[PDB]
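So the sequence lines, in the order shown, correspond to chains L and C. Numbered per the deposited numbering, the first sequence spans residues 1 to 187. Numbered per the deposited numbering, the second sequence spans residues 25 to 67, 96 to 250, 263 to 357. Remarks on the structure that follows.
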Amino acid sequence: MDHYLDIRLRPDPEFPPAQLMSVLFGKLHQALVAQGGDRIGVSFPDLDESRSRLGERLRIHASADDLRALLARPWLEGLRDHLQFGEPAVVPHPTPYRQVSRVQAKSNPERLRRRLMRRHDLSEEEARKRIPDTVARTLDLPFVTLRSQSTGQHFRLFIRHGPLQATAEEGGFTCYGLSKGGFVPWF
Amino acid sequence: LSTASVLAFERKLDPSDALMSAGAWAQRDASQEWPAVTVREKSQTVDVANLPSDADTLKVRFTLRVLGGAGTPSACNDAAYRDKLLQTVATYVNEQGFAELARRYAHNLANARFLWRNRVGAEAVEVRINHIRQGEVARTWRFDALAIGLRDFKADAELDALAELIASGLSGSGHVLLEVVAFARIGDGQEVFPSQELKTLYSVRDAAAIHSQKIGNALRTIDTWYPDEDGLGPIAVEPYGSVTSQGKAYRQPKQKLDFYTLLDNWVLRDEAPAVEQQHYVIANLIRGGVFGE
């Protein structure tokens, strides 16, 4: 998967970042359902130093098919003023083991106890404290905002980069999940 | 000799609260009947305002008046500093008038920079600017927000006419009122962003809108005259010019590029450059505020 597109968000006083990344990924699922979502997913290069911060760069990672025939040429992009994106090329050949993925955890026990209410018309004391999530609440470190798409309220996507050991590589899948990649190159 | 204890300059360039409402595409002419979009409550609890399913266009309307009489203070302590300050604004407006500033103000009216969190995903924004002479239109204008950039200084003859109109205002030679209506196709049922109260959205009488100084900070993005290595763009005008969202604070008083040191170098002892920082200090005097001890 050797075609890349480094989108660098230009700084501004006009919209302070991260909301900006959610506008980007919401304009990515916009141009997802034009074709299908099996081949290309995203990365987050050179911008994972502090362990809660994504930043401002999104690399497009389909090999030459869904770069210049999905978003650039055969679509209307959108913003195009805080990005000023460029022209693709072919990637180099490192061995960064090539994995990014997503995760979702639990941080509000009300959803879980609501489905304990409609489990088997269960009484409310076991629905409250069987082994609840009221003792501890989880937190996932890198974050985006991501307003919803249809007849509902906003999602909250948490993403994590996989094993970054420089040992080997394999021929894996393109994008498991919906629009985030599987095996993707890393420089 | 010295600076007065108080020196206040009033608000010229007065914006209003931009009323926002629903609408449909390609119906930009007969704009008098559309319902104003209010704010609902959902789930600790949040206030959310959404467009209806059969309303793919948002209208925003705001009427900017401009007062004029730029370098005229209202409260002082001595007539000598007032006379020298009127001499500095006089040698500004006789050296070069309101020509470079008004093109930037008319640019920020031209591109829909006052649509704050809707222009980031706006498919098509058109703006119509009407100069109100007696009670109706004198001269009308027609721009598109996409074709006008947000970081580079463009050029047009009609934009030169709008800059000449605003300059005839700020120089003191007329009463200037501009009704600006912006039609923006957003699509069915997205999230508009009216301003947030102290999460409660702002609405006046069952009708949401954008605040006045939000739109007033939309057009104060005329400061490019600062010594940074570039990458931010045009910032808003404040003494020690700074952005609150980024956390960066330029024009700091170690480097003489602020308002106050430039003031007592130029007004008291006559040291200021030709164009750039002079445009900054006159833009701060047009914005207004309290200076002195």
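All C-beta atoms, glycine included, are put in the ideal place defined by N, C-alpha and C.
Interface flag, residue i vs chain L, CB-CB below 8 Å
{"i": "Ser247(C)", "result": "no"}
{"i": "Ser220(C)", "result": "no"}
{"i": "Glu302(C)", "result": "no"}
{"i": "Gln310(C)", "result": "yes"}
{"i": "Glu243(C)", "result": "yes"}
{"i": "residue 258(C)", "result": "Since the model of chain C includes 250 and then 263 but nothing between them, residue 258(C) has no atomic positions to report."}
{"i": "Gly173(C)", "result": "yes"}
{"i": "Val63(C)", "result": "no"}
{"i": "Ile299(C)", "result": "yes"}
{"i": "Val307(C)", "result": "yes"}
Residue i burial status per 10 Å Cβ neighbour count (16 or more: buried)
{"i": "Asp12(L)", "result": "buried"}
{"i": "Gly120(C)", "result": "buried"}
{"i": "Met117(L)", "result": "exposed"}
{"i": "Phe25(L)", "result": "buried"}
{"i": "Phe235(C)", "result": "buried"}
{"i": "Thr134(L)", "result": "exposed"}
{"i": "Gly221(C)", "result": "buried"}
{"i": "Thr151(L)", "result": "exposed"}
{"i": "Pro317(C)", "result": "exposed"}
{"i": "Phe173(L)", "result": "exposed"}
{"i": "residue 190(L)", "result": "The question about residue 190(L) has no answer here: the residues shown for chain L are numbered 1 through 187."}
{"i": "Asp38(C)", "result": "exposed"}
{"i": "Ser67(C)", "result": "exposed"}
{"i": "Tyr4(L)", "result": "buried"}
{"i": "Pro246(C)", "result": "buried"}
Cutoff 8 Å: residue i Cβ touching any chain C Cβ
{"i": "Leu79(L)", "result": "yes"}
{"i": "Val23(L)", "result": "yes"}
{"i": "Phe15(L)", "result": "yes"}
{"i": "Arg147(L)", "result": "yes"}
{"i": "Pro11(L)", "result": "yes"}
Same chain, Cβ closer than 6 Å to residue i, five either side skipped, listed in chain order
{"i": "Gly47(C)", "result": "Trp58, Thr109 and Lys111"}
{"i": "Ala62(L)", "result": "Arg39 and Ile40"}
{"i": "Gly226(C)", "result": "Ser220"}
{"i": "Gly239(C)", "result": "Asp108"}
{"i": "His161(L)", "result": "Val100"}
{"i": "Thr264(C)", "result": "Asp99"}
{"i": "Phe355(C)", "result": "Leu31"}
{"i": "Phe183(L)", "result": "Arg98 and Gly172"}
Chain-order list of residues whose beta-carbon lies under 7 Å from that of residue i (same chain, five-residue window excluded)
{"i": "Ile7(L)", "result": "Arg57, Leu58, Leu83 and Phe85"}
{"i": "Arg351(C)", "result": "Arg284 and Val301"}
{"i": "residue 260(C)", "result": "No atoms are given for residue 260(C), which sits in the stretch of chain C between 250 and 263 that the model skips."}
{"i": "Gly224(C)", "result": "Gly120 and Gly121"}
{"i": "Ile218(C)", "result": "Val118, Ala154, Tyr157, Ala158 and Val228"}
{"i": "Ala31(L)", "result": "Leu70, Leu71 and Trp75"}
{"i": "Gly297(C)", "result": "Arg203"}
{"i": "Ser306(C)", "result": "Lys312, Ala313 and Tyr314"}
Short Cβ contact (8 Å threshold) for residue i with residue j
{"i": "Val345(C)", "j": "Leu321(C)", "result": "no"}
{"i": "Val91(L)", "j": "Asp2(L)", "result": "yes"}
{"i": "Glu170(L)", "j": "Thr95(L)", "result": "no"}
{"i": "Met44(C)", "j": "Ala282(C)", "result": "no"}
{"i": "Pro16(L)", "j": "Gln341(C)", "result": "no"}
{"i": "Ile299(C)", "j": "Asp287(C)", "result": "yes"}
{"i": "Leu153(C)", "j": "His343(C)", "result": "yes"}
{"i": "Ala28(C)", "j": "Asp130(C)", "result": "yes"}
{"i": "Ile159(L)", "j": "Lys129(L)", "result": "no"}
{"i": "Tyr314(C)", "j": "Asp292(C)", "result": "yes"}
{"i": "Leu70(L)", "j": "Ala18(L)", "result": "no"}
{"i": "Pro109(L)", "j": "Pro132(L)", "result": "yes"}
{"i": "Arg113(L)", "j": "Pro88(L)", "result": "no"}
{"i": "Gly173(C)", "j": "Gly78(L)", "result": "yes"}
{"i": "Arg169(C)", "j": "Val177(C)", "result": "no"}
{"i": "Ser43(L)", "j": "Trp186(L)", "result": "yes"}
{"i": "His183(C)", "j": "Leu250(C)", "result": "no"}
{"i": "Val232(C)", "j": "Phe114(C)", "result": "yes"}
{"i": "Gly55(L)", "j": "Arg102(L)", "result": "no"}
Same chain, Cβ closer than 8 Å to residue i, five either side skipped, listed in chain order
{"i": "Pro125(C)", "result": "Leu31, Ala32, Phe33, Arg134 and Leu137"}
{"i": "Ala166(L)", "result": "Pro94, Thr95, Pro96 and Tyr97"}
{"i": "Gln319(C)", "result": "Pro291"}
{"i": "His154(L)", "result": "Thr145, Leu146, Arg147 and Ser148"}
{"i": "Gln248(C)", "result": "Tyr266"}
Interface flag, residue i vs chain A, CB-CB below 8 Å
{"i": "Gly201(C)", "result": "This model lacks chain A altogether, as its protein chains are L and C."}
Would you be able to state if there are at least three C-beta pairs under 8 Å between the stretch 159-167 of chain C and the stretch 195-209 of chain C?
-> With a cut-off of 8 Å, the stretch 159-167 of chain C and the stretch 195-209 of chain C count as touching, because enough Cβ pairs lie within range.
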